[PDB]
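Input: a single structure, listed below in structure tokens.
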Amino acid sequence: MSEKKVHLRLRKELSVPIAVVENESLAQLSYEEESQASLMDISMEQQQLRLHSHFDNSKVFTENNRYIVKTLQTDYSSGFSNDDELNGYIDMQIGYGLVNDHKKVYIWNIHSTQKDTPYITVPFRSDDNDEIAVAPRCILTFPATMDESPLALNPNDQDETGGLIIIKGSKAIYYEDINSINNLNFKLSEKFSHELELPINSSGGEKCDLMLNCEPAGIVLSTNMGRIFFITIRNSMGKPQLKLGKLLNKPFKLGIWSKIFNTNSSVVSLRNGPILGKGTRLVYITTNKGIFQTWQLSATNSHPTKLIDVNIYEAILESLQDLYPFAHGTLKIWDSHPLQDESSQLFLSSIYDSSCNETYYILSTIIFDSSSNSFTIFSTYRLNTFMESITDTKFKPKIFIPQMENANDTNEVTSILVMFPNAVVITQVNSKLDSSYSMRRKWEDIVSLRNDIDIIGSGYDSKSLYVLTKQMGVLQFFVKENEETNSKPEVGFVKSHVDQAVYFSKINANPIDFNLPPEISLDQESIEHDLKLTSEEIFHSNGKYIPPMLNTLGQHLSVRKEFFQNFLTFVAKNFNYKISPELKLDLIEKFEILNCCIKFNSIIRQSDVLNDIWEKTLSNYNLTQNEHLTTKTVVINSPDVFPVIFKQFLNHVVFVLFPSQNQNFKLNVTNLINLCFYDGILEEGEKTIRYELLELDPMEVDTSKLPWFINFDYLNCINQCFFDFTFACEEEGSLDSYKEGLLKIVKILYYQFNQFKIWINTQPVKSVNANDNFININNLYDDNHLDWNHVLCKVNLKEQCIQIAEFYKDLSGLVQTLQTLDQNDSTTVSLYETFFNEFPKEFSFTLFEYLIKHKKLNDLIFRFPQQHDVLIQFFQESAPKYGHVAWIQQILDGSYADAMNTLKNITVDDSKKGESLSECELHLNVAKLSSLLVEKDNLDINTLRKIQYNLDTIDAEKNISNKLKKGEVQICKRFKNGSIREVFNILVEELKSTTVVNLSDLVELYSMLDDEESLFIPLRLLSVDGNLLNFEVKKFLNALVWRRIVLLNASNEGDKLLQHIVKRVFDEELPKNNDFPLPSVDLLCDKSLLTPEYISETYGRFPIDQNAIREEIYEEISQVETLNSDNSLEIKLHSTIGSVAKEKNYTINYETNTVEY
């Protein structure tokens, strides 16, 4: 974050005051906003017809191929009195809905217009109380008169209903009329009511739990104590006559099993099956014991028959307990609801698996066989929409099925709804009675309800479930044409949610939720496949509510933004790391380019003459796609690389701009550059920082990918444009005014190049050398960046150079900027110290280089006393760089070490010494004198000595050279003439010709033939220094000279040769140096030393023999051997050597003459 962000902040403050530009692009810019708005208006229209399959005061909140969820044209907000219990019940068999509270009961048409829809109110009695602080129970009864039910082609009543039955305390009051009830005194109203005392209280703890109409046969009601009262409430054909039919609750009466069972346990489900006619209805009884009874009610039947009387409580435990204990713990049967086949029931129960800590809700489809009280469990399905236990008895989850009874074979699958206080689960089952289809792995999707708006009641018919909510009234949860089984395929759970997020959160003010975090983990790849299918749907406008454009390419883009926003929020939040890094970044990269693209189109067209030329280049682009007709789909939706058709032209516009200006045309082009860049860069910039905690910052790249707006081509057009603008603006000295414009071009250029270096290095080494392309990126940056910084310093964006320097590296610039600023500002001292902490070699070393050049020697030593240790590194340079004035400064500072190393480079330059003779001699003097001024600061005292030595060295060189030129080299001893000369002559002549100096020729010539004035130094050197070379080396060389010396005295009779070499070494104390022998008989020892370095390779070049010269030497060693068997050689050595040893007092070991060491 750091670097980039801070730099930005500085950018705005400096640049923004002082800047005037001109340009007219206004006409097209405002016009594009209207036609972009109008595309979206046209597109918005086309969504309203398709989304909504009922819009009036109804408002469809989502739509799929298996359900449609919409509010009806009523709400249950307004005109009601909010009280502790809102109890709703929805009656679908009459069509009209009922909701009651503590003080009033409201019976309304629920398919009527307005939310201030007419509610038919009946105030309760103030004579019976049950408005105490609990709602009385109210339910409607079926009409059955006036042609067995009111005509509904004629508008008879608002609510075409029967009576209303109200239980207030312990008294059941049947009003047959809902509109003859006096709304003043209710003792009048009582005369047309029949009243009956129930032996329970509906405000006690024995309350009515459910009322269930099983008309025309009567009514069955349960309490929460397990007391079941069958009351037929009328004679038939209205007319009140509550008469207690029979108690169906008993303590499992009669002997020997009323003392073993009790049926005084609560029944959790009573449900209607079909009305067969003439007061017969099928009725299903499910208890928490998990006994199912199917009861036939009689009024045309001979006797009540129970068809099925089978247990299921312990049958779940013959497959979920016969292996693993995942049906262990609680098993509470909550509800049952009949399927389309009515001999089969679906059971809603839950288990708590404490081993996995999950709660599996279990749909067990059980097919019952009545002819022997049997069951077959057909399928079992786990809900995984909840894995935690709801144990609430104020809110029992219920299954609702809008089952068919009409045709069963309309659809091969029956929608099951699982009602929860915070969800409507919509799943799917199957029924074909075949052993070739899976009974598990079905489709489940989840439409979540917010927790403040909840279900107070419900009703269903045969295709749609009607759910009555708190303030949103009656929502019809329409089951439509769902896909039966797996044979008939569909979409997916993951897939579905993505469509919810994007498309259907457009419609607002609902209890319907549209962004859902995973409730159930699934692998990344499945999840990534669906996010990609949706992301192309938006992106090429092949959507399910996205039209591909009904205006131009430009107009198009605006609508997509609005869809892109919804998706983006959802993906980022919910699926953060349920996808890959590349995948997340791709989805943002298409949005970012898109925002830039809307602005882009809005602005590009500008003046009328430039608009036309925009079209012309654009027509050319389409025809290189293959064929043309003007406008392809490539330019319709965004390729993510939109400036690539106008761009070369714009670059060229800049190119013609600098040589020939056209006055107002300087400002006009500048403003255009400014505008686009501002728009584009701002968008881009800010989208990445959302994506700070979705991987990446704006100073990083990923390993496979960098952004798609960073590419060489863009950068080349931009970098080329700057320099032409700056010359023209400088020349006029209107430069200042464009200061904003100049900064923006450079900042984006730097940044893009820096992120590119980071990407380039995340590619293998082999690949870096395989691409010239990466190098061409690097060249484009490196030659031009120094110059960029310099232009910013002119327009007083020096502070900005500082930012540039930090973030992008440009440490030379950093030194320049900072020396302009005074230490008088407290912040300036600190600017240095901070960049020192951030860079301890890179900023300091370059800073030291800078200073030596800029003659700022006082600042180098004393102003930055804490980078000293790096400053010793600097001294170790071969030369610091500042020419031949550099070394001088270094002698002067007590920083001599840097200079000795410098002076070496001085003495090989023919332009620093060798200008002329006089100046040359002078320079040599100055170097010597400077050496004399070495103190103890730097121990260059040894070098001092070498500088002094050096004129004597040149003389030694020249000395020997002249001799060799005049045939100074002597003929080789070997034979009449020396072979070396045949080489020596050749080297002299070439150098005797007036031609160019041949360096090689002088080196070879110098050593090869040896002054006899220089033979003494080899003998001196081996005495003092020669034990370091190895005795055996030293002995060998010393023996060589000795051989020759003893090869002359033996030849004749006059010795005196022997002592001169012996006594000679005593003058300079050579024996005292130790291990130095005198001239003596070489013998065997000399021979052993001779053989190993036998080749001498000196004769190797020569064509004949090569080693033989060694054999000839062997012959020489042996001549000494032959003379020491004479022992007339020995007499000469002893007498000679010993005479000298009486003035020089040495001890002579005679017989092979050595000095005792």
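Ordering of the structure tokens sets the chain letters (A, B, ...); residue numbers start at 1 within each chain; ligands are numbered from 1 in the order shown.
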
Nearby residues (only C-alpha atoms) at most 9 Å from residue 1002 of chain A, same-chain spacing under 2 positions excluded, as a ChimeraX atom specification: /A:961,987-988,991,997-1000,1004-1006

For C-alpha atoms, I'd like the residues from the last selection saved as a tab-separated table (two decimals), in the first residue's frame.
```
chain	number	residue	atom	x	y	z
A	961	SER	CA	66.69	-1.90	-24.03
A	987	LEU	CA	62.71	-8.29	-33.10
A	988	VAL	CA	65.40	-5.43	-33.39
A	991	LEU	CA	61.39	-1.84	-34.09
A	997	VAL	CA	54.89	1.07	-31.53
A	998	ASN	CA	54.67	-2.69	-31.09
A	999	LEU	CA	54.26	-3.41	-27.42
A	1000	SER	CA	54.85	-7.23	-27.70
A	1004	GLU	CA	60.09	-10.15	-25.74
A	1005	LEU	CA	63.22	-8.28	-26.64
A	1006	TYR	CA	64.00	-7.10	-23.06
```

Test item: residues at most 6 Å from residue 266 of chain A, only C-alpha atoms, excluding those fewer than 5 positions along its chain, as a ChimeraX atom specification: /A:224-226

Next, write the just-selected residues to a file, as an mmCIF file, in the first residue's frame, keeping N, CA, C and O atoms as the atom set.
```cif
data_model
loop_
_atom_site.group_PDB
_atom_site.id
_atom_site.type_symbol
_atom_site.label_atom_id
_atom_site.label_comp_id
_atom_site.auth_asym_id
_atom_site.auth_seq_id
_atom_site.Cartn_x
_atom_site.Cartn_y
_atom_site.Cartn_z
ATOM 1 N N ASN A 224 -52.354 -29.399 23.226
ATOM 2 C CA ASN A 224 -50.987 -29.595 23.547
ATOM 3 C C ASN A 224 -50.830 -30.557 24.745
ATOM 4 O O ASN A 224 -49.727 -30.755 25.316
ATOM 5 N N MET A 225 -51.898 -31.226 25.167
ATOM 6 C CA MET A 225 -51.893 -32.196 26.279
ATOM 7 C C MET A 225 -52.207 -33.539 25.753
ATOM 8 O O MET A 225 -52.242 -34.556 26.489
ATOM 9 N N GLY A 226 -52.564 -33.664 24.457
ATOM 10 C CA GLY A 226 -52.940 -34.959 23.820
ATOM 11 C C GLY A 226 -54.426 -35.167 24.059
ATOM 12 O O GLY A 226 -54.745 -36.255 24.535
#
```

Near-residue 29 of chain A list (9 Å; only C-alpha atoms; drop same-chain fewer than 5 positions) as a VMD selection string: chain A and resid 601 to 606

Selection export as a PDB file, in the first residue's frame, atoms kept: N, CA and C atoms:
```pdb
ATOM      1  N   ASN A 601     -15.507   5.934 -23.950  1.00  0.00           N
ATOM      2  CA  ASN A 601     -16.412   6.065 -25.034  1.00  0.00           C
ATOM      3  C   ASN A 601     -17.088   7.395 -24.950  1.00  0.00           C
ATOM      4  N   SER A 602     -17.373   7.883 -23.706  1.00  0.00           N
ATOM      5  CA  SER A 602     -18.115   9.044 -23.493  1.00  0.00           C
ATOM      6  C   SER A 602     -17.368  10.233 -24.019  1.00  0.00           C
ATOM      7  N   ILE A 603     -16.059  10.247 -23.726  1.00  0.00           N
ATOM      8  CA  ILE A 603     -15.090  11.296 -24.013  1.00  0.00           C
ATOM      9  C   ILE A 603     -14.497  11.251 -25.403  1.00  0.00           C
ATOM     10  N   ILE A 604     -14.256  10.039 -26.082  1.00  0.00           N
ATOM     11  CA  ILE A 604     -13.452   9.909 -27.278  1.00  0.00           C
ATOM     12  C   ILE A 604     -13.928  10.769 -28.447  1.00  0.00           C
ATOM     13  N   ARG A 605     -15.228  10.726 -28.663  1.00  0.00           N
ATOM     14  CA  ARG A 605     -15.924  11.341 -29.838  1.00  0.00           C
ATOM     15  C   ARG A 605     -15.634  12.851 -29.929  1.00  0.00           C
ATOM     16  N   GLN A 606     -15.618  13.648 -28.791  1.00  0.00           N
ATOM     17  CA  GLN A 606     -15.193  15.052 -28.649  1.00  0.00           C
ATOM     18  C   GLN A 606     -15.780  16.005 -29.690  1.00  0.00           C
TER      19      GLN A 606
END
```

Residue contacts of segment 1076-1081 of chain A (6 Å, only C-alpha atoms) excluding same-chain residues fewer than 2 positions away, as a PyMOL selection string: chain A and resi 1023+1042+1062+1071+1074+1083+1152-1154

Top pick for closest residue to residue 803 of chain A, considering A:592, A:3, A:612, A:177 and counting only C-alpha atoms: A:3

Which of segment 147-378 of chain A DSSP labels helix (DSSP H, G or I), written as a list in words: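 Answer for segment 147-378 of chain A restricted to helix (DSSP H, G or I) is residues 189, 190, 191, 192, 316, 317 and 318 of chain A.
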
Print the selection's residues with N, CA, C and O atoms to a file, as a PDB file, in the first residue's frame.
```pdb
ATOM      1  N   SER A 189     -75.757 -10.231  19.374  1.00  0.00           N
ATOM      2  CA  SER A 189     -74.992 -11.026  18.344  1.00  0.00           C
ATOM      3  C   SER A 189     -75.114 -12.471  18.736  1.00  0.00           C
ATOM      4  O   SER A 189     -75.078 -13.341  17.824  1.00  0.00           O
ATOM      5  N   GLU A 190     -75.118 -12.729  20.053  1.00  0.00           N
ATOM      6  CA  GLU A 190     -75.294 -14.057  20.624  1.00  0.00           C
ATOM      7  C   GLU A 190     -76.523 -14.876  20.252  1.00  0.00           C
ATOM      8  O   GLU A 190     -76.478 -16.046  20.345  1.00  0.00           O
ATOM      9  N   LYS A 191     -77.656 -14.251  19.893  1.00  0.00           N
ATOM     10  CA  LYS A 191     -78.871 -14.911  19.516  1.00  0.00           C
ATOM     11  C   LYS A 191     -78.826 -15.733  18.302  1.00  0.00           C
ATOM     12  O   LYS A 191     -79.465 -16.775  18.281  1.00  0.00           O
ATOM     13  N   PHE A 192     -77.914 -15.388  17.326  1.00  0.00           N
ATOM     14  CA  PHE A 192     -77.711 -16.209  16.179  1.00  0.00           C
ATOM     15  C   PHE A 192     -76.486 -17.017  16.252  1.00  0.00           C
ATOM     16  O   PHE A 192     -76.018 -17.567  15.268  1.00  0.00           O
ATOM     17  N   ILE A 316     -36.146 -46.050  11.221  1.00  0.00           N
ATOM     18  CA  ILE A 316     -35.117 -45.124  10.720  1.00  0.00           C
ATOM     19  C   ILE A 316     -33.745 -45.747  11.189  1.00  0.00           C
ATOM     20  O   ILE A 316     -32.712 -45.555  10.587  1.00  0.00           O
ATOM     21  N   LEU A 317     -33.833 -46.520  12.319  1.00  0.00           N
ATOM     22  CA  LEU A 317     -32.767 -47.136  13.088  1.00  0.00           C
ATOM     23  C   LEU A 317     -32.495 -48.526  12.546  1.00  0.00           C
ATOM     24  O   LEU A 317     -31.772 -49.384  13.165  1.00  0.00           O
ATOM     25  N   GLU A 318     -32.982 -48.891  11.336  1.00  0.00           N
ATOM     26  CA  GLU A 318     -32.625 -50.166  10.674  1.00  0.00           C
ATOM     27  C   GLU A 318     -31.761 -49.917   9.483  1.00  0.00           C
ATOM     28  O   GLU A 318     -31.631 -50.832   8.641  1.00  0.00           O
TER      29      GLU A 318
END
```

Contact residues around segment 933-949 of chain A with only C-alpha atoms at 7 Å, ignoring same-chain residues under 6 positions, as a ChimeraX atom specification: /A:894-897

For the selection you just gave me, I'd like the residues written to a file as a short mmCIF file (atom, residue, chain, number, x, y, z; two decimals), in the first residue's frame, keeping N, CA, C and O atoms.
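Final output, saved to part23.cif:
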```cif
data_model
loop_
_atom_site.label_atom_id
_atom_site.label_comp_id
_atom_site.auth_asym_id
_atom_site.auth_seq_id
_atom_site.Cartn_x
_atom_site.Cartn_y
_atom_site.Cartn_z
N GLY A 894 42.96 13.58 3.72
CA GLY A 894 43.43 12.49 4.62
C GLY A 894 42.68 11.19 4.34
O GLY A 894 42.22 10.47 5.16
N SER A 895 42.48 10.93 3.00
CA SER A 895 41.70 9.87 2.35
C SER A 895 42.53 9.40 1.11
O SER A 895 42.00 9.29 -0.01
N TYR A 896 43.83 9.08 1.44
CA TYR A 896 44.92 8.71 0.51
C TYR A 896 44.74 7.42 -0.18
O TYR A 896 45.26 7.32 -1.24
N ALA A 897 44.06 6.49 0.50
CA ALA A 897 43.86 5.15 0.01
C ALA A 897 43.13 5.12 -1.32
O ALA A 897 43.52 4.26 -2.13
#
```

Distance query segment 400-402 of chain A at most 9 Å, only C-alpha atoms, self and fewer than 4 positions along chain excluded, as a PyMOL selection string: chain A and resi 336-340+414-419+459-465+478-479

File dump, residues just selected, N, CA, C and O atoms, as a PDB file, in the first residue's frame:
```pdb
ATOM      1  N   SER A 336     -45.916 -34.407   9.282  1.00  0.00           N
ATOM      2  CA  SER A 336     -46.056 -35.272   8.147  1.00  0.00           C
ATOM      3  C   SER A 336     -46.955 -34.451   7.227  1.00  0.00           C
ATOM      4  O   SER A 336     -47.720 -33.586   7.754  1.00  0.00           O
ATOM      5  N   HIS A 337     -46.874 -34.671   5.931  1.00  0.00           N
ATOM      6  CA  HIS A 337     -47.708 -34.015   4.975  1.00  0.00           C
ATOM      7  C   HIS A 337     -47.908 -34.969   3.799  1.00  0.00           C
ATOM      8  O   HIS A 337     -46.967 -35.623   3.442  1.00  0.00           O
ATOM      9  N   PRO A 338     -49.147 -35.197   3.291  1.00  0.00           N
ATOM     10  CA  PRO A 338     -49.394 -36.173   2.159  1.00  0.00           C
ATOM     11  C   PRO A 338     -48.748 -35.622   0.841  1.00  0.00           C
ATOM     12  O   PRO A 338     -48.765 -34.425   0.469  1.00  0.00           O
ATOM     13  N   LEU A 339     -48.170 -36.612   0.056  1.00  0.00           N
ATOM     14  CA  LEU A 339     -47.624 -36.565  -1.299  1.00  0.00           C
ATOM     15  C   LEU A 339     -48.838 -36.671  -2.177  1.00  0.00           C
ATOM     16  O   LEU A 339     -49.946 -36.884  -1.655  1.00  0.00           O
ATOM     17  N   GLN A 340     -48.572 -36.567  -3.468  1.00  0.00           N
ATOM     18  CA  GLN A 340     -49.501 -36.727  -4.533  1.00  0.00           C
ATOM     19  C   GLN A 340     -50.187 -38.043  -4.545  1.00  0.00           C
ATOM     20  O   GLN A 340     -51.417 -38.004  -4.491  1.00  0.00           O
ATOM     21  N   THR A 414     -42.183 -34.060  -7.112  1.00  0.00           N
ATOM     22  CA  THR A 414     -43.069 -33.311  -6.249  1.00  0.00           C
ATOM     23  C   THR A 414     -42.225 -32.402  -5.409  1.00  0.00           C
ATOM     24  O   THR A 414     -41.262 -32.923  -4.753  1.00  0.00           O
ATOM     25  N   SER A 415     -42.503 -31.044  -5.428  1.00  0.00           N
ATOM     26  CA  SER A 415     -41.732 -30.008  -4.675  1.00  0.00           C
ATOM     27  C   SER A 415     -42.089 -30.216  -3.237  1.00  0.00           C
ATOM     28  O   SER A 415     -43.247 -30.327  -2.867  1.00  0.00           O
ATOM     29  N   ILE A 416     -41.063 -30.243  -2.384  1.00  0.00           N
ATOM     30  CA  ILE A 416     -41.149 -30.389  -0.993  1.00  0.00           C
ATOM     31  C   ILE A 416     -40.644 -29.023  -0.567  1.00  0.00           C
ATOM     32  O   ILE A 416     -39.625 -28.527  -1.101  1.00  0.00           O
ATOM     33  N   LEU A 417     -41.251 -28.337   0.413  1.00  0.00           N
ATOM     34  CA  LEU A 417     -40.894 -27.106   1.047  1.00  0.00           C
ATOM     35  C   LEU A 417     -40.696 -27.445   2.466  1.00  0.00           C
ATOM     36  O   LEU A 417     -41.501 -28.054   3.166  1.00  0.00           O
ATOM     37  N   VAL A 418     -39.570 -26.996   3.072  1.00  0.00           N
ATOM     38  CA  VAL A 418     -39.173 -27.143   4.407  1.00  0.00           C
ATOM     39  C   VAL A 418     -39.124 -25.701   4.842  1.00  0.00           C
ATOM     40  O   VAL A 418     -38.229 -24.973   4.514  1.00  0.00           O
ATOM     41  N   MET A 419     -40.119 -25.356   5.699  1.00  0.00           N
ATOM     42  CA  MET A 419     -40.260 -24.089   6.442  1.00  0.00           C
ATOM     43  C   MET A 419     -39.531 -24.009   7.709  1.00  0.00           C
ATOM     44  O   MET A 419     -39.522 -24.950   8.496  1.00  0.00           O
ATOM     45  N   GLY A 459     -51.327 -21.767   3.933  1.00  0.00           N
ATOM     46  CA  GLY A 459     -52.347 -22.496   3.212  1.00  0.00           C
ATOM     47  C   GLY A 459     -51.659 -22.882   1.927  1.00  0.00           C
ATOM     48  O   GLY A 459     -50.599 -22.315   1.698  1.00  0.00           O
ATOM     49  N   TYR A 460     -52.224 -23.836   1.129  1.00  0.00           N
ATOM     50  CA  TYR A 460     -51.690 -24.369  -0.155  1.00  0.00           C
ATOM     51  C   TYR A 460     -52.931 -24.753  -0.903  1.00  0.00           C
ATOM     52  O   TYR A 460     -54.003 -24.899  -0.276  1.00  0.00           O
ATOM     53  N   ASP A 461     -52.876 -24.981  -2.231  1.00  0.00           N
ATOM     54  CA  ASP A 461     -53.959 -25.544  -2.910  1.00  0.00           C
ATOM     55  C   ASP A 461     -53.600 -26.909  -3.571  1.00  0.00           C
ATOM     56  O   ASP A 461     -53.983 -27.995  -3.068  1.00  0.00           O
ATOM     57  N   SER A 462     -52.949 -26.895  -4.741  1.00  0.00           N
ATOM     58  CA  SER A 462     -52.574 -28.030  -5.554  1.00  0.00           C
ATOM     59  C   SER A 462     -51.408 -27.666  -6.436  1.00  0.00           C
ATOM     60  O   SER A 462     -50.962 -28.570  -7.179  1.00  0.00           O
ATOM     61  N   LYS A 463     -50.804 -26.488  -6.338  1.00  0.00           N
ATOM     62  CA  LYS A 463     -49.730 -26.052  -7.120  1.00  0.00           C
ATOM     63  C   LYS A 463     -48.952 -24.911  -6.509  1.00  0.00           C
ATOM     64  O   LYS A 463     -47.780 -24.669  -6.878  1.00  0.00           O
ATOM     65  N   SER A 464     -49.485 -24.222  -5.499  1.00  0.00           N
ATOM     66  CA  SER A 464     -48.855 -23.030  -4.976  1.00  0.00           C
ATOM     67  C   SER A 464     -49.185 -23.143  -3.500  1.00  0.00           C
ATOM     68  O   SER A 464     -50.253 -23.638  -3.179  1.00  0.00           O
ATOM     69  N   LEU A 465     -48.230 -22.673  -2.645  1.00  0.00           N
ATOM     70  CA  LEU A 465     -48.210 -22.570  -1.218  1.00  0.00           C
ATOM     71  C   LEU A 465     -48.367 -21.088  -1.040  1.00  0.00           C
ATOM     72  O   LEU A 465     -47.796 -20.284  -1.795  1.00  0.00           O
ATOM     73  N   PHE A 478     -44.966 -19.968  -5.476  1.00  0.00           N
ATOM     74  CA  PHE A 478     -45.494 -20.724  -6.608  1.00  0.00           C
ATOM     75  C   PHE A 478     -44.524 -21.791  -6.985  1.00  0.00           C
ATOM     76  O   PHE A 478     -43.391 -21.585  -7.318  1.00  0.00           O
ATOM     77  N   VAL A 479     -45.066 -23.063  -7.044  1.00  0.00           N
ATOM     78  CA  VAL A 479     -44.332 -24.193  -7.539  1.00  0.00           C
ATOM     79  C   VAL A 479     -44.839 -24.173  -8.966  1.00  0.00           C
ATOM     80  O   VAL A 479     -46.051 -24.149  -9.172  1.00  0.00           O
TER      81      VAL A 479
END
```

Selected residue of minimal separation from residue 638 of chain A among A:1135, A:541, A:438, A:1073, counting only C-alpha atoms: A:541

Test item: residues at most 12 Å from residue 452 of chain A, only C-alpha atoms, excluding those fewer than 4 positions along its chain, as a ChimeraX atom specification: /A:421-423,448,456,469-472,510-512
